[PDB]
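I'd like to ask you about the structure that follows.
Chain lettering (A, B, C, D and E) follows the sequence in which the chains are written, and residue indices restart at 1 in each chain.
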Amino acid sequence: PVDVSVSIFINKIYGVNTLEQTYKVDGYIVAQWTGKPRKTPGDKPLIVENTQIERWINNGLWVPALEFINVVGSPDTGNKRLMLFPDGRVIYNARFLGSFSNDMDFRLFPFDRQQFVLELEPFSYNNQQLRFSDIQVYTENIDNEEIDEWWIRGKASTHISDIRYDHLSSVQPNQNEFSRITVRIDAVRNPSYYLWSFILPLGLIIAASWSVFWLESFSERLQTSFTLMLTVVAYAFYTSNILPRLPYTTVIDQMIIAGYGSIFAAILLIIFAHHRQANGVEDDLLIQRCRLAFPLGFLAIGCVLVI
Amino acid sequence: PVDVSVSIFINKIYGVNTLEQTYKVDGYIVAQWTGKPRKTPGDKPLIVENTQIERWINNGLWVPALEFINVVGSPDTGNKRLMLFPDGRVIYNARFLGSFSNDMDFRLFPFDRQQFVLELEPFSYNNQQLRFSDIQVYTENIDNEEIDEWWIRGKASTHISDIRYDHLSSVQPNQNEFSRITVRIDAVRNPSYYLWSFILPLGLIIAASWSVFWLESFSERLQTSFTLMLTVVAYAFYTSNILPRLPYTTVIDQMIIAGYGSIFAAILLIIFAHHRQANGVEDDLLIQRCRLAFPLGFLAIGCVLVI
Amino acid sequence: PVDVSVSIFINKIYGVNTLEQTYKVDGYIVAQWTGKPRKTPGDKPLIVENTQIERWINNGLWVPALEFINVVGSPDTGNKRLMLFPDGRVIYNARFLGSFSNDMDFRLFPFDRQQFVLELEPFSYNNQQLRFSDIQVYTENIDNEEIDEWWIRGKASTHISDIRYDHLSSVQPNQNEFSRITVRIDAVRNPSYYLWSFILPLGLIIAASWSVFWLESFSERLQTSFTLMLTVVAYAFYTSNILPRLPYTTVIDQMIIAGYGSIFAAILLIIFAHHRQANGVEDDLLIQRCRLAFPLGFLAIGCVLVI
Amino acid sequence: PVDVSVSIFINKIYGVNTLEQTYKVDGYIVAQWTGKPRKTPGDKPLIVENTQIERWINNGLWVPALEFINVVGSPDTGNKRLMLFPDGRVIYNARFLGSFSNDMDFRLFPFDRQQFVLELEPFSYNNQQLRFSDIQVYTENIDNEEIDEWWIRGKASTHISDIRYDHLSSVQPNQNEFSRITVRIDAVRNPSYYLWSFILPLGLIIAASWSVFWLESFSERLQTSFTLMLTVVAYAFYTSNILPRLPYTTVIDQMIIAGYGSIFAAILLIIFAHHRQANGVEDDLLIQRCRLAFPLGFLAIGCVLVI
Amino acid sequence: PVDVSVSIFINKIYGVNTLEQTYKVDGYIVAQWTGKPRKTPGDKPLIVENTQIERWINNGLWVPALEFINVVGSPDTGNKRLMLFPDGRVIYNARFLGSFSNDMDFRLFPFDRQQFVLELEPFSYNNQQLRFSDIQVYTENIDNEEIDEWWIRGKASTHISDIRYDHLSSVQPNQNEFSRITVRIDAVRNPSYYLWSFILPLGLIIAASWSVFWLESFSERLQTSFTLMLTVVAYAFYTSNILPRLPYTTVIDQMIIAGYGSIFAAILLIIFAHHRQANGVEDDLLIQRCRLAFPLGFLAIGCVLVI
């Protein structure tokens, strides 16, 4: 095979779309292999700029195509340089821009700890014809800085693995596995905006929903709970635009569920308190000891749910 | 005709847009036919990368164009390889990315069970000049995994059928039918998010709407029902962004309809209870036996509506 | 002139955007004219696939360009075949995809009855150099089926007319008129979703707004009407995302107007009832005979407004 | 210089985006200059269709590039004809489609009276090498018709002016000014939809906010004003999606401001009426003469604000 | 190296997207270097228009590619002129259009004072082979005018710095640093729209929330505070569409936080006032001296928070 050395530079990571679970990564790729010795004008290496490499490719120069596996849509490439040394090595430098995708598990939404994965693999040549020697990822632009609400932490993990493509084994009998480079960049979500915009207001809504039992008569406490339910409904919408449709529940969706549960349990308890009287003579105070018991049970529920 | 063998690899299915009834499918296509024996440099097969196939096509090589019938917009193709063996066969490998469309029947919205259809057909050569022998679809990347809220279940159904184009019979007298490949991938929607975000909150709203009859006087129970109607209105909006405009009603839209019906039937019943008095002396308890009859009728309605 | 025969095939009509008054039409166009006899390899006709027609065009073959007049944006063309018979005729087959536009009058919004218009006209050759003989439109894919909320009814109307371009008369003295093909596909909007989502809920809101006069005192009936107005406001928004900004009023906007009018007329009547007392001794029942007169006038208003 | 005559045809103006202050204009451009006499096949003029003009341009034909100065993004050109007469003149006909921009002053929002400006200027040749003789704009398609909510009024104003580019004076010593064509199309916004959707409902909200002073006690009138403020808040949002962020206030934003001012002045006046009692014995009627004075002052404010 | 002189002209800055922290800059770039003397037809300089420069580039002319570092997506270039003087200098004039990005710190949101940064750097040639001599930025189109809600103030700051690329040092031993031009355009946000749309309405909401303590009994003051909280919730949403997710709090988000704090502190104080009675005989006036103390503390909080 041909020993190909890659040096991926990351310019910036931007536009991390949580709803679509995609992100956009800019930067440069510098692939370098070796070939036969060639003659250049002077001792200096030749610079082959874009839209003119095609004359060299139609001349017979071996320029492989390196594609991104996990990309969404066509990667919007820009300028490209094919720098030709006369000692033998050929260097393909290109700028890439594309939307990449990952799994992006969302069990803990505001306190999330995710990673951004770049995958590179030759489109046509397998590991018997093109082998990745090593990659050095230069994430010095975003090594210790925060993009949007994501704090990039650590360096970039590099890994070279041989992926196997069983769909291509009908045209290649034995050699049908490809050398893939994986680049992993960790990212920790900053939870401050969610903390002061969704979590603590909903805690205040929960305390206000607890405040129904301090009232004195029945219609006023029903109307208190109804306008409280209105608030919880409105809040549920606010969360929609912050995270996609998930089979599980996150922290904020669990808080919405707890708000609905608290308010409707209060309404049902108030109804059962009102219809407690068989002949309309009994006072209703024995069941209304939930001024100091219902918040305690709610705190126990929250403490269990945190762990 | 020419026997063409296709091997479609599916990389990932993403972005299933329910409102537009489209979805995006990435992956590779490997078409393979046979031709005259040719000579290559060495015994090894020749690899013809992208943007250089045109020299071979202008030289006179037969490379058919395979289009997607059910695609929405232009399919955003990427890299392509035209691998030439010297024993005779020509292999056209290409990467595709495009938005596909299907019927996507939506009778049961959250408990839906849909399929994703890929259709492939030659644009110009009919079955008398190009015949699809067989297709093996390698859906091993998403065989037993869930994309977004869709759990992909089973393998990919393959079918080769001869579709007939009557619009082209004016230029082709007898042979005007084309061989189309259909690839069917089943998908079952995960109903959990809808279950805890729309169905059970609306059930709590229904119980709260039932709670009007436990009040004691008239203006308070009218205001109770009015703020309850407000909630149902708000909920109706939340559903809009989850499913398109349909002639029929789904489960959630039927729940909104049942909420409106319950609240307005309660308001009309309360009004008729108030105006039951001919001279203002009669008590109103005979018509207010709906504390234990109106929910029973609603449960009967729901049980009939489920089946 | 040259007699050109067109056979437009319609694959699917999708994405009818009411707010933008555009729609997207896929399918194929098959133009066919006649020319000098030519020699082909063998007796079989020659197939000229895409991205290779340019060699024949630079060789000197007459391939006219047919553009779409009413299109919005560039029509996203795909594959194209230039099928050359040796008996003389040249057949240009191409696939088109583009957003088309029409007037789309919206007097009756949910019970609308619209049409989809495709217009085709040569860009450069007038009727003295290129004449459309006839068109057969093959709308067999959507002849008797419903797209989105639009039920396609009937076949496709064909018409050939000579349009006149006065802007081009400075460069062409007498012959400056072009032969345009118009294809009309009727479509009837399915009113069910609007009927059970906007019309009947707003009727329930109207009845609830009528329900104010059954109350007994003043502050409660003012608050009843205020929360009712809140509902009407919310509903007005829901309609915004369903139809564009229009100088006139549709059915649903007239229902919103009637809701505002009913509620504010009720508020003004209640205020005038309260201030009817010169010395605070008169009872207010003479002006509150609108329990059985205000709905009757509203029904008369609605019956007049329907016709 | 070379005398260039332009004849701009306007097909349709659509998609006037008020928030972005852009609009989309379709149509054709017909540029015509004169040159050396040439020989054509026969006496007829030659038609040079698109994607084949490049052979004539590489042959040495002078085809200038005319760009649009005020365009947003790349103007999506379509088909183009380079019609060559043998008597000497060369005619460049092209179809354009692009998003144009203007200042679009918005002092009176619903009763606005705007214009749509098209600017054309050669990219490379100044007025010493290419001079625009005259332009005739053929706006006969939209001369007396209304697009969206904009009624196009009058014809299209034509003007040829020499614009000066000081950035290019480092490479051109004296001749660095360019001949620009400006095309002005007036448009009057139809105010009906805003009149019955925002202005008159907000007037009803204003009258309902005036209705607080007719109540009898304090808590009910505070709650009346609070639910009224809720309505005004909701209305403020509805306006957001109709006009961009502006330093000044339009009519509708002034109505929102007047609604907030009326309601909060009523709340402050009610509070000062309640705390008017030094010992709780005084009646509060002297300050509540605003049943017939507060609307009069509001009418004076509105009459001053209109002029 | 080669001395390259740049003269950037700015046509217009538009579409400053605060949520994405990007902006769009149109205009022209005029690069100029020197080379060997050449012969042109006549004494006049040669004009090389677009899509024909490639013949000169394949002939062997040195045209460097200048890229934008901070751009988002591919910069949508338009027409380009390569003006060749016979005295030796080569002038590359091109039009650019692209979305640029900056840090855009948002500590004070409505009273913001930002800058727009354009960065230009050769893609392939380092400072040993191409050196930027000087840049004159001609921002005369927007020198003293306001774009959208941004008032452009001052001229454009020019700076030439040598940036160092450590990722490219594996292919270049010592010379691996590039000359970058930075263009800084200051912009001050106009705070009027936010001042009369968010700040003063929320101040009125704060005063209305203070108004709870003037009521007389308990259930009415709880319901007053609940409908007030509803308003604050609604307002929080309005702000979402005006600024992105930030770790810190701006002015308007601090006002939302203060509204929630004031209302929930009022609710807690009212609850503690109600449960102040050990046996139900004590009057509650000592803790309700916050009619003239709670606003004073709120004013102290606001005065501290401003500085």
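Everything below uses one rule, namely that contacts are C-beta pairs under 8 Å (C-beta built on N, C-alpha and C of every residue); 3 or more make two chains touch, one makes a residue touch a chain.
These are the chains along with the protein names UniProt gives them: A, B, C, D, E = Gamma-aminobutyric-acid receptor subunit beta-1.
Engineer: Hey, what angle do you get rotating subunit B onto subunit D on C-alpha, to the nearest 5 degrees?
Structural biologist: Angle of the fitting rotation, subunit B to subunit D: 145 degrees.
Engineer: Over half shared or under half: which fits the residue numbers at the contact of copies subunit C and subunit D, same or different?
Structural biologist: Mostly different residues form this interface, as fewer than half of the numbers used are common to both chains.
Engineer: Using the average of all C-alpha atoms in each chain as its centre, how far is it in Å between subunit A and subunit C?
Structural biologist: It comes to 39 Å between the two C-alpha centres.
Engineer: Mind checking the centre-to-centre distance between subunit B and subunit C? Centres are C-alpha means, answer in whole Å.
Structural biologist: Each chain's C-alpha centroid was found; their separation is 24 Å.
Engineer: Going through subunit E residue by residue, note those that touch at least 2 other chains and give them in order.
Structural biologist: Expected reply: 223, 227, 230, 234, 237.
Engineer: Edges wherever two chains touch, nodes for the chains themselves; is that graph a line, a ring, a star, complete, or other here?
Structural biologist: Drawn as a graph, the chains make one closed cycle, so a ring.
Engineer: What order do the chains sit in around the ring if I start at subunit B and move toward subunit C?
Structural biologist: Loop order (subunit B start, subunit C next): B, C, D, E, A.
Engineer: Which stretch or stretches of subunit E touch subunit D in the complex?
Structural biologist: 5, 7-9, 11-12, 14-15, 28, 30, 32, 47, 49-52, 55, 76, 78-79, 81, 83, 91, 93, 95, 97, 136, 138, 140, 146, 148-149, 190, 192-193, 196-197, 200-201, 204-205, 207-208, 211, 214-217, 220-221, 223-224, 227-228, 230-231, 234-235, 237-238, 241
Engineer: Once bound in the complex, which stretches of subunit B touch subunit C?
Structural biologist: Subunit B residues touching subunit C: 20, 54, 57-58, 63-65, 67, 69, 72-74, 101, 123-125, 165-168, 170-171, 218-219, 222-223, 226-227, 229-230, 233-234, 236-237, 240, 244-249, 253, 257, 260, 264, 267-268, 271, 274-275.
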